[PDB]
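Chemist: This is the structure, below, for whatever I ask next.
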Amino acid sequence: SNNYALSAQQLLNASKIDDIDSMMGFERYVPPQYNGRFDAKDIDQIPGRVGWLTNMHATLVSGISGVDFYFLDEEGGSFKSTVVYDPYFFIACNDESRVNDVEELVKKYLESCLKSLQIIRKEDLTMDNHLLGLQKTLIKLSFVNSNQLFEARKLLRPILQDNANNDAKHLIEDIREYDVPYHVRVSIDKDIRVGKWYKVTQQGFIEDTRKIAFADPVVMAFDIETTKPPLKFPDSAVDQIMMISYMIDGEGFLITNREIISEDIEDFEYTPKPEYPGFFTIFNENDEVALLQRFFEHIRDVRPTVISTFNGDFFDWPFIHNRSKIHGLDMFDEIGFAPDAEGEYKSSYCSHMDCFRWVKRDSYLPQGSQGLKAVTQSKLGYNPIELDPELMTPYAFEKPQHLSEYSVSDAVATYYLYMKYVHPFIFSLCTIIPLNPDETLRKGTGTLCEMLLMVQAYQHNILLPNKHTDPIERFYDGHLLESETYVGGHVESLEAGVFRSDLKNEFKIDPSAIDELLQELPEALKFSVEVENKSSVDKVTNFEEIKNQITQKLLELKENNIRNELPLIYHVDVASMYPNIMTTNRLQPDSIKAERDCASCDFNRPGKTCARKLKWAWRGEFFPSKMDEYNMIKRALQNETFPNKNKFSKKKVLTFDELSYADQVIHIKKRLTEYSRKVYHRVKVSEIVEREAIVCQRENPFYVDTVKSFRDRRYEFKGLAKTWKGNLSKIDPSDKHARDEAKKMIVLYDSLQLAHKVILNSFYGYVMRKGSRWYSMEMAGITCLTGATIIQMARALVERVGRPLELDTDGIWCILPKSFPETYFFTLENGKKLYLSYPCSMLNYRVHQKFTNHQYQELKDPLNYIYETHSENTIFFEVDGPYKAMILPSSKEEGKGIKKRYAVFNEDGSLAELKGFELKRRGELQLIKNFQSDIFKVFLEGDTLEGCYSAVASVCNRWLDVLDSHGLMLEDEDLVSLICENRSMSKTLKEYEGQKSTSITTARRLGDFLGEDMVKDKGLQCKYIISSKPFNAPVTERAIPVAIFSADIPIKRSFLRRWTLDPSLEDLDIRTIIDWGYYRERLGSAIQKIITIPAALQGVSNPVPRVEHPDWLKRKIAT
DNA sequence: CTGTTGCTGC
DNA sequence: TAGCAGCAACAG
Ligand code: SF4
């Protein structure tokens, strides 16, 4: 009864969606009957209608499961069409001789929900000898809809649990493919993809290629301005919407609520650049309900198939929907928008493109630059208008024109952020990923890898693995593992200092490294022609000229091996390092074989070449307790009694063995933490064990073929990109002469390039995606250890011919002598020039001689299972630079460097890279950010090293004066701003219980002072100052929310008194509250790491005497 | 000395 | 629902 009721409820929701879709122009098109011969070559005679699939969703049709497909379509404004398809999954059998006994059992056991059954065959890469065409026999179960499929899973799961813990029932091994989403199933099984064009026909969807450009959907982008209380956040229960700003296809609009906005706003232009027009037409509406009705009316009129917002999943749409509910409007019946199971806002016809999702995932912006202004500055390259949130509600009455200018600025910023970056990126991803735009924007990158691998496995008739479930506990040497992993990317900080293209450095070249390079030179130059440039040496007219020029420079560096000359500042980095290690070594999770599976394989003979053995470094963190002590703790817990977690059970108490195995292990881990601390005084030993695994080269190539093929398609688009770049400049300059179609397609191929790029680097990660399928914790360890070995080999050469400064995973930063052999050009007989970078090609040659896979096997004849063996290697360094300067900081500790922080400057004086520093990080003490933001460029001043340290000393002394002067030389608003430290709490304050930190204390005090609403959401920005005047107290106990300094005087007083424990305090000036010694020590630290200690290591005497060296360093300097 | 956590690395 | 290595503040 409940399943019919649920199917009727789903049909009633599907009818409401059909009514809404028809209101928005998405009438359900059914194609004409065509009894002719189906050939996709004669598509124009083929019947029905061609369209580009813009939006797809799972539906229930008169219920039968189907997918509705929404076609921005060519020509048309839009039309939907439906594909019906039976939901299915598989049963696996342990004995293939008795499949018919299992078939009869499941027909009779699933009769209440099963539509049909069929025996099929699939390749299973875990089956012994599948590489001979042996396929696993499977029972396909098909259903009328997804609800009946879910009931069959509820009936089968008890049999699998009985079989695993304790007759044709015991022949059921597992259920396979039971957890594929239904729209993803239809998209894979029919090869239909959003962003791709299709002709909708009776037989299904036929992809079209004569059309690579996207259609132009109607794109709306909006933002909302709300009332708020002072120092608090707008509450949709009490606060009103003041204005809604939006853009539609490049026209601007503003709706204003005249209960709140004091004047009628006139039509105006906000064009922040000539490439971002914004003409705003104004709707001055009488009240908040007229504002909401106008907004819903205008959405129905223009029929947007995309609505974009900035963070509107979590502010804008929640606010509009709650205000609509207060006024008795149903936003779902008005415009088709509702919150989903995640609380994100979605419709059928229109995709919701929250730009903040792309900003968080894909923009590559650090979390400190992920707010709208900093995204606009970093992507659109202008400053939007900026208003203080505390001035918004006053300015609705005092200056509403300046509030409307701010609101239209955030609509313009959101619209052009969407159209220049999010739109081309997401629809390009949809052309390859079996997901709609909303899922393609919002799912994690490792889920996008899962979908691509599921397409490729399906196309090769491979059986999908079930999702990996982490074991609840594991043991190593009788110790309970807290966690296991591998040794990841290798990282070194070798030197610290300022390095400049115009300042001299000492070099001590190893003459034996130059002898190796002179002996390798002929084959390294041949390798650069044949492998890097894919040409033949016979075509190169000047090969011996370039060889002799490099030979002379090398001989001069061998004879004069101790030099003091200018540097060349270079970065050498491995192109797509982990993907290229994976393709080179044929690394997948489809091959890592045990000695058993390798022994069971008919290709395992004397002389076998196909078993490539590779090393990895496993890392345990396990409890110091042994298996006897674990068993003693388990026996102790078996005598205890536990509360029943299931509120629906009348049984309030359970024994240990009546708990779930996950709950048993949670209780074991708790008592083991106490026992380990009591007996061993310490908690998590860590150990690194080098392990070996067997990489099959003969195993079915579907994973690696996806990677090779994807890599080549990306290279393809980089090439096409370059050809298009030539096309965009070769031609005439009449910009409007039907060549703006050519430039959008340039953005498009760039976007498909960036798309394959993210997909590849993701495959590289996905493979450690806990809970994902095709997981391969090993494979990941081999990839990292192979990479660590490559980069240490490269460093060990660069250290012998120059000085490596920093090493991070795939990249080495180094200085070479300015006399070093650098860039050259080979001349072909056809007058074309090939590029040579000798510092790059000398590394690439050594990578190819040491890391090539001479065991790579590929299947030449699929009928006879004949494999060819060849030599594969795709691991190349690229070179970036040279540079004008590089500045590396040093640690406060003796003999230690700082990794992952540096600044680099281009020849033109501009900043090329800034890594890691507080300036870039979200949050952080603002004084430190403003400091770093002053100092780095000042390293380009002076003519000597000492003059350069002097110029930066002076900036240090300016900043030290501000703190020694206790800020007096500073405006009071500017002071609060500078001394503020801002830190995000990733959760809510409740979830931090028994922890301490400045954020926690700031949040608690904000709560007490401004109310519990302040801390109910996650992501709270805790802005605080550290207190103290002539005394002292605990750090995390001394964070004061800077907001208190804007409270009414009696409030401020009561709280600062509490927080400082001073009943009788009268002085409420921030300046007497602040702990100046704390801030001088934080700034001192920065000055040490970036300026004084590195100065010392370059033998320059303390350029900032007001900051004293630590003792070890003072001591260092005695002779 | 370790261990926790935020935001970066690359 | 991608991974590991690292800086550094603050507690113990
Ligand atoms: S190494 Fe050869 S014999 Fe062993 S599992 Fe792989 S393909 Fe089969």
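Chemist: To check my understanding: the extent here is largest minus smallest coordinate of the Cα atoms along each principal axis. What are those three numbers for the stretch A:630-758, in Å, largest first?
Modeler: 87, 45, 36
Chemist: For A:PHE268 and A:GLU75, what is the calculated FRET efficiency with R₀ set at 56 Å and r taken between the beta-carbons, to the nearest 0.05?
Modeler: 0.95
Chemist: Please list, in order along the stretch A:366-376, the HN-Hα scalar couplings obtained from phi with the Karplus expression 6.51 cos²θ - 1.76 cosθ + 1.60 (θ = phi - 60°), rounded to whole Hz, x for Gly and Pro.
Modeler: For the stretch A:366-376, the Karplus-derived couplings read x, 3, x, 10, 9, x, 3, 3, 6, 5, 4 Hz, x marking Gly and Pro.
Chemist: Also: Counting only residues 5 or more places away or on other chains, whose amide H sits under 5 Å from the amide H of A:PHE499 once H atoms are built in the peptide plane?
Modeler: A:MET886, A:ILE887, A:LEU888
Chemist: Calculate the FRET efficiency for A:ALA338 and A:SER22 from the Cβ-Cβ distance with a Förster distance of 22 Å, rounded to the nearest 0.05.
Modeler: 0.80
Chemist: Now, a different point. Taking the Cα centre of the stretch A:668-715 as origin and charging only Cβ (+1 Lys, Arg; -1 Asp, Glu), how large is the dipole, in debye to the nearest 20?
Modeler: Dipole size: approximately 480 debye.
Chemist: Taking the square root of 5 times each eigenvalue of the Cα gyration tensor, what semi-axes in Å does the equivalent ellipsoid of the stretch A:1-138 have, largest first?
Modeler: 38, 25, 13
Chemist: Amide H of A:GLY51 versus every other amide H placed in the peptide plane: which residues, excluding those fewer than 5 positions away on the same chain, fall under 5 Å?
Modeler: When sequence neighbours closer than 5 places are left aside, the close amide H contacts are A:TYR198, A:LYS199, A:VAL200.
Chemist: State to the nearest 20 debye the size of the charge dipole of the stretch A:1-123 about its Cα centre, where the only charges are +1 on K and R beta carbons and -1 on D and E beta carbons.
Modeler: 260
Chemist: If packing is taken as the average number of other Cβ atoms within 10 Å across a peptide's residues, how do A:84-94, A:362-372 rank, most packed first?
Modeler: Going by the mean number of other Cβ atoms within 10 Å, highest first, we get A:84-94, A:362-372.
Chemist: Between A:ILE120 and A:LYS626, what FRET efficiency follows from the Cβ-Cβ distance if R0 is 45 Å, with the result rounded to 0.05?
Modeler: 0.35
Chemist: Using each residue's phi in the stretch A:5-21, evaluate 6.51 cos²θ - 1.76 cosθ + 1.60 at θ = phi - 60° and report the 3J(HN,Hα) Karplus result to the nearest Hz, with x for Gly and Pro.
Modeler: Each residue of the stretch A:5-21 in turn: 3, 5, 5, 5, 4, 5, 4, 5, 5, 5, 4, 4, 5, 4, 5, 4, 4 Hz.
Chemist: Would you kindly compute the Cα radius of gyration of the stretch A:505-601 and its largest Cα-Cα separation (Dmax), both in Å?
Modeler: Here Rg and the maximum Cα pair distance are 20.7, 63 Å.
Chemist: How large is the convex hull of the C-alpha atoms of the stretch A:535-658 per residue, in Å³? Mind dumping the intermediate values first?
Modeler: Details: hull volume 56.8 nm³, N = 124.
Spelled out: Cα convex hull of the stretch A:535-658, divided by residues, is 458 Å³.
Chemist: Taking the dipole about the Cα centre of chain A, with the C-beta of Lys and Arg at +1 and of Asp and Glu at -1, give me whichever of A:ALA796, A:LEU828, A:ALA611 is farthest to the positive side.
Modeler: The listed residue farthest towards the positive side: A:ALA611.
Chemist: Can you sort A:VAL186, A:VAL83, A:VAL200 by how many other beta carbons sit within 10 Å, fewest first? Mind showing how you got there, number by number?
Modeler: On the way: A:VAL186 23, A:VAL83 18, A:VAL200 26.
The most exposed by this proxy come first: A:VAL83, A:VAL186, A:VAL200.
Chemist: Translational D (Stokes-Einstein, µm²/s) of the stretch A:794-926 at 37 °C and 0.692 mPa s when Rh comes from the Kirkwood sum over C-alpha pairs?
Modeler: The diffusion coefficient I find is 174 µm²/s.
Chemist: Where does each of A:1056-1069, A:240-253, A:728-741, A:636-649 land if you order them by average Cβ count within 10 Å, highest first?
Modeler: A:240-253, A:1056-1069, A:636-649, A:728-741
Chemist: Additional query: Sort the stretch A:88-189 into rounded, prolate or oblate with this rule: let a ≥ b ≥ c be the square roots of the eigenvalues of the Cα gyration tensor; rounded if a/c is under 1.5, and if a/c is not under 1.5, prolate when a/b is larger than b/c, oblate otherwise. Intermediate values should be presented prior to the final figure.
Modeler: Numbers: a/c = 1.65, a/b = 1.09, b/c = 1.51.
It comes out oblate by the Cα gyration axes.
Chemist: May I pose another question? Using a cut-off of 17 Å between alpha-carbon atoms, which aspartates and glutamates can reach A:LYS1114, once sequence neighbours fewer than 8 places away in the same chain are excluded?
Modeler: Straight-line reach from A:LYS1114, under 17 Å: A:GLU893, A:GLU894.
Chemist: In terms of modelled amide H atoms, which long-range or inter-chain residues lie less than 5 Å from the amide H of A:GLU482?
Modeler: Under 5 Å from the amide H of A:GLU482: A:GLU621, A:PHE622, A:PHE623.
Chemist: Going by how many other beta carbons lie within 10 Å of each one, how would you line up A:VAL408, A:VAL689, A:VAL1035, fewest first?
Modeler: With the fewest neighbours first, A:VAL408, A:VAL689, A:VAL1035 line up as A:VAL689, A:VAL1035, A:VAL408.
Chemist: When the dipole is taken about the Cα centre of chain A, and only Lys, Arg (+1) and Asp, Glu (-1) are charged at their Cβ, what size is it in debye, to the nearest 20?
Modeler: Roughly 3060 debye, rounded to the nearest 20.
Chemist: GluC sites (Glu not before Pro), restricted to the stretch A:806-888: which are DSSP loop and have at most 14 other Cβ atoms within 10 Å?
Modeler: Numbers: sites: A:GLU806, A:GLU822, A:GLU829, A:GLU858, A:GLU868, A:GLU872, A:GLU878; in loops: A:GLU822, A:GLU829.
Hits after loop and neighbour filter: A:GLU829.
Chemist: Continuing with the same structure: Would you list A:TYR34, A:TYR1079 from fewest to most Cβ contacts within 10 Å?
Modeler: Ascending Cβ contact count within 10 Å gives the list A:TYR34, A:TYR1079.
Chemist: Further question: For A:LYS920, go through the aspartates and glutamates and keep the ones whose alpha-carbon is under 20 Å away, minus same-chain ones fewer than eight residues off.
Modeler: Within the straight-line limit of under 20 Å, A:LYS920 reaches these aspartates and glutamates: A:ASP362, A:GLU806, A:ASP808, A:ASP934, A:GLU981.
Chemist: Cα-Cα over 19 Å: which of A:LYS534/A:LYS833; A:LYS41/A:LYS860; A:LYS615/A:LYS770; A:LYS647/A:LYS770; A:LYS558/A:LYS818? Please list the in-between numbers first.
Modeler: On the way: A:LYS534/A:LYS833 13 Å; A:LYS41/A:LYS860 30 Å; A:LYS615/A:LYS770 22 Å; A:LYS647/A:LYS770 30 Å; A:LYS558/A:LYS818 15 Å.
Checking Cα-Cα distances, A:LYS41/A:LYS860; A:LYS615/A:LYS770; A:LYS647/A:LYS770 exceed 19 Å.
Chemist: Continuing with the same structure: How would you classify chain A from its alpha-carbon gyration tensor, with a ≥ b ≥ c the square roots of the eigenvalues: rounded for a/c under 1.5, else prolate if a/b is greater than b/c, otherwise oblate?
Modeler: Here chain A falls in the rounded category.
Chemist: Take A:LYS107, project a point 7 Å from its Cα along the Cβ direction, then tell me which residues of the stretch A:161-177 have their backbone nitrogen under 12 Å from it.
Modeler: none
Chemist: Follow-up question, since we're still on this one. Once you order the gyration tensor axes a ≥ b ≥ c over the Cα atoms, which shape class does the stretch A:751-815 get: rounded for a/c under 1.5, otherwise prolate or oblate by comparing a/b with b/c?
Modeler: Since a/c reaches 1.5 but b/c is at least a/b, the shape of the stretch A:751-815 is classed as oblate.
Chemist: Considering the dipole of the stretch A:533-683 built from charges on the beta carbon (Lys and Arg +1, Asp and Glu -1) around the Cα centre, which of A:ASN585, A:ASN631, A:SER600 is farthest to its positive end?
Modeler: Farthest towards the positive end: A:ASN631.
Chemist: Can you work out the Karplus-derived ³J(HN,Hα) for every residue in the stretch A:23-30? Use 6.51 cos²θ - 1.76 cosθ + 1.60 with θ = phi - 60°, whole Hz, and x for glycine or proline.
Modeler: 4, 8, x, 8, 3, 7, 6, 10
Chemist: To continue, here is another question. Could the peptides A:147-153, A:880-886, A:919-925 be put in order, highest first, of the mean number of other beta-carbon atoms found within 10 Å of their residues?
Modeler: Working: A:147-153: 18.7, A:880-886: 21.0, A:919-925: 17.1.
Result, highest mean Cβ count within 10 Å first: A:880-886, A:147-153, A:919-925.
We place every Cβ from the backbone using ideal geometry, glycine too, and count neighbours over all the protein chains shown. A short reminder: the numbers here are calculations on the coordinates, not readings from a lab.
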